[PDB]
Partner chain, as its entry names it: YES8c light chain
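Single chain ahead, written as structure tokens, the form solved without its partner chain.
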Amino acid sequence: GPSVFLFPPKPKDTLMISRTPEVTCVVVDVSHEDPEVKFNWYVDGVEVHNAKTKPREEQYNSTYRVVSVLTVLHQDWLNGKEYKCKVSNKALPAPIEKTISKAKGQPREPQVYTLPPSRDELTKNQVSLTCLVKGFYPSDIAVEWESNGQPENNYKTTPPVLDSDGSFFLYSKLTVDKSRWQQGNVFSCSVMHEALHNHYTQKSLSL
């Protein structure tokens, strides 16, 4: 029979008020003999009817996949409200309820430290600009780089690593042409996190 997977909003969407966070209920292995699926959405046990449900899309494995999308209020997600998708279908003798919420825990403010390339790396044509982000909790975070206000996306960020004090840390590595660094261009690490003031901080880095 069908199975259901419930997905949280992207952290950046929940932290920046202009963006649009969504909880997504995904139903897979919907059969052709019983293809009708009903969604019921609940926020802290209270039914809500503003979800937008997409039409069944057939998969290459001859099963249907039907998706319902619930737009959420930033502050509801951040305050730990619970989001329940209930999925009814004639092949389910009982519906499937999945419930999700923001990761729990006392929030801790990330400290953001930018680190220039090592001297040893200056023999290479590209150098590594490092953004250390430590002391944060919970682990939901967004880390981006830019220069002159424009995205610098040739970077890679480690997963959050649990540190010895219960907090998380990560590193972000931006790779740039050495000529850009030694000519004094300014790069900046931007970090978004619920424990930050206005959910946003930016640290710069230059020669």
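Numbering follows the first chain given and starts at 1. Only the largest set of C-alpha atoms that superpose within 1.5 Å between the two forms is called the rigid core.
The following text describes the form solved in complex with its partner chain, which does not appear among the structures shown.
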| property | result |
| --- | --- |
| Interface membership of residue 188, its partner chain in the entry with it bound, 4.5 Å heavy atom rule | yes |
| Non-hydrogen atom contact residue 55 with its partner chain in the entry with it bound at 4.5 angstroms | no |
| Core-aligned C-alpha movement of residue 92 between the shown form and the other one, 2 Å or more | yes |
| Core-aligned CA displacement of residue 180 at least 2 Å between the shown form and the other one | no |
| Core-aligned CA displacement of residue 28 at least 2 Å between the shown form and the other one | yes |
